[PDB]
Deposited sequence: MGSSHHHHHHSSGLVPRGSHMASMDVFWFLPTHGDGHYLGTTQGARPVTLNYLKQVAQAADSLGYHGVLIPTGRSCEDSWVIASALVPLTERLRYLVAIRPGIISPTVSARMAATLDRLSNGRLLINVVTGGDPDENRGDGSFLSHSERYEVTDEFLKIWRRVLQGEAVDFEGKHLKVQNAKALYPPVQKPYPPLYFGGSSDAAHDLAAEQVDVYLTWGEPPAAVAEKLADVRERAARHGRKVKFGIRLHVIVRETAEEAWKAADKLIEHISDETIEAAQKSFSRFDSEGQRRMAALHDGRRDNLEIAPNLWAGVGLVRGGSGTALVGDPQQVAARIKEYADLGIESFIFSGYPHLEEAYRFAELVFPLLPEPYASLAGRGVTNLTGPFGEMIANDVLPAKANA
């Protein structure tokens, strides 16, 4: 098993970082270009970032659903800024219109200035307490249950979502975060645990922790990894583009941390495929890639790396 995702640049696109030269603004037309590109090329889905620097994820995901056939949308929900019941009704509606193509990314929100701008004044420990109570109401409501919940942060009485989702029991929950409270939350409620691109040894340390905590609850979770990718026909062109990307550091074999100014895979197709094989051998089944620009690099990655990956990507 392997699910290869791409990325929707709802915060802006371009060729280079740290400059407005060659910048591509977020428009409906260009978002359609990237989304329909990932759709026809055979990517499993697309990840939509969230935050103050982005256009709204739910508006954009809903706008692209009727313009695409098979592509799934990994949409972020932010507990603490919306009612869990309302969030569940939004998820059910979009999952129904998409015929079961919705995936949920649970985002706790790190930036305190951004959280206060949204009206949330919570400590780090309180944010995960809200997410824990949020997901409990959200998951139970989407399964047809009339929820009565009174927790430390959230309180609902007779919460109902009258329109059932297509995916059962609910759209899959993706979650990232390296905190101790985050790993407990992932092991208890989520379906796929996400991590940034770290060296294989450090990733295995994170995975084994979540795997053990989930076993204490009698659960098993799948694993995914997030990686930028600069892949070229030869290794020389790839590193030249990585330098060119940050004009205006190799922490592991072909693992470049320049985008963190998380990390990126830089090299020829065999090198890039070998690092993917190393991550897959650890138990990772989801891969979320990105590249600059997001339109051209979606074709670049599909034409250079897909033939070296397992089916169905080998046949695309």
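Mapping the modelled residues onto the deposited sequence reveals missing stretches at 1-22, 271-304, 318-322, 378-404.
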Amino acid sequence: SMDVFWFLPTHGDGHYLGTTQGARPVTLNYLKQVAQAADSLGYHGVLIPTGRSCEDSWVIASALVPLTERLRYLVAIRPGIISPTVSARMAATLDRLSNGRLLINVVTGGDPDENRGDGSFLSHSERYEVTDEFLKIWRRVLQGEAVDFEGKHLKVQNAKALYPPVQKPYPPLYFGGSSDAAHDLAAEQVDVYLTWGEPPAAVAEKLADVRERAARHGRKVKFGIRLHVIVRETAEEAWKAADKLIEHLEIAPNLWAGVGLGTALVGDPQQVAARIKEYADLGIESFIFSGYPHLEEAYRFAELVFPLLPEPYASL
From here on, numbers count along this sequence of modelled residues.
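Take the two forms, find the largest set of C-alpha atoms that superpose within 1.5 Å, and that set is the rigid core.
A fit on the rigid core, followed by a root mean square over CA positions in 4 other deposited structures of this protein, ranks 223-231 against 194-202 and picks 194-202 as the more shifted one.
Relative to its counterpart among 78-86 and 200-208, 200-208 has the higher mean temperature factor, C-alpha atoms as listed in the PDB entry.
Comparing 264-272 with 24-32, the stretch with the higher mean C-alpha B-factor in the PDB entry is 264-272.
Set against one another, the Cα B-factors of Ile104, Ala92, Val141, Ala241 in the record reach their highest point at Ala241.
In the deposited coordinates, the residue among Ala252, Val59, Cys54, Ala38 with the greatest CA B-factor is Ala252. Sorting the modelled residues of the chain by their CA temperature factor places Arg213 in the highest third.
The entry lists a Cα temperature factor for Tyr43 that places it in the lowest third of the chain's modelled residues. Ranked against the other modelled residues of its chain, the C-alpha B-factor of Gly176 as given in the entry falls in the middle third. Remark: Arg219 belongs to the highest third of its chain, ranked by C-alpha B-factor as recorded. When the CA B factors of the chain's modelled residues are split into thirds, the value for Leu17 lands in the highest one.
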